[PDB]
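K.L.:
In the authors' numbering, the protein residues as written are 1 to 86.
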C-alpha cells in the first residue's frame with residue numbers, strides 16, 4: 001500500500017456509471033465517502049485519512065475524479081469523452 005500515492009490511482013470515473021449511476025447506483029458510493037482503494041485500505045471508512053493523500057487535487061487529465069474535484073468535471077466536458085458529461 002502507499003506505493004506511488006494510492007494503490008493503483010483508481011480516481012478516474014467513466015462519467016457514465018459513478019456519475020450516471022443508472023448502470024449500478026450502489027457499489028459506487030457504497031456508503032463510505034467513496035475514495036475507492038487509494039493510499040490506505042478501508043476506502044476512507046475510518047483508518048485515519050489526511051485529505052492531502054491524493055497530492056494532485058488540481059490535477060486530473062480527463063480523469064473524472066471524485067473527492068479532489070467534486071465541484072465540477074473540469075476535464076470531462078472539455079477533455080476525455082467520458083459519456084454524458086460533454
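Every residue, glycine too, gets a C-beta built ideally from N, C-alpha and C.
If you compare alpha carbons, which of 41, 67 and 6 is closest to residue 18?
P.N.:
67
K.L.:
Identify whether residue 53 lies in helix, strand or coil by the three-state DSSP scheme.
P.N.:
helix
K.L.:
Judging by CA-CA distance, which residue of 40, 58, 82 and 21 is the nearest neighbour of residue 2?
P.N.:
40
K.L.:
Around the Cβ of residue 6, are there at least 16 other Cβ atoms within 10 angstroms (buried) or fewer (exposed)?
P.N.:
buried
K.L.:
Check whether the Cβ atoms of residue 64 and residue 75 sit closer than 9 angstroms, and answer yes or no.
P.N.:
yes
K.L.:
Taking Cβ positions, are residue 61 and residue 82 nearer each other than 9 angstroms?
P.N.:
Pairing residue 61 with residue 82 gives a Cβ-Cβ distance that is not under 9 angstroms.
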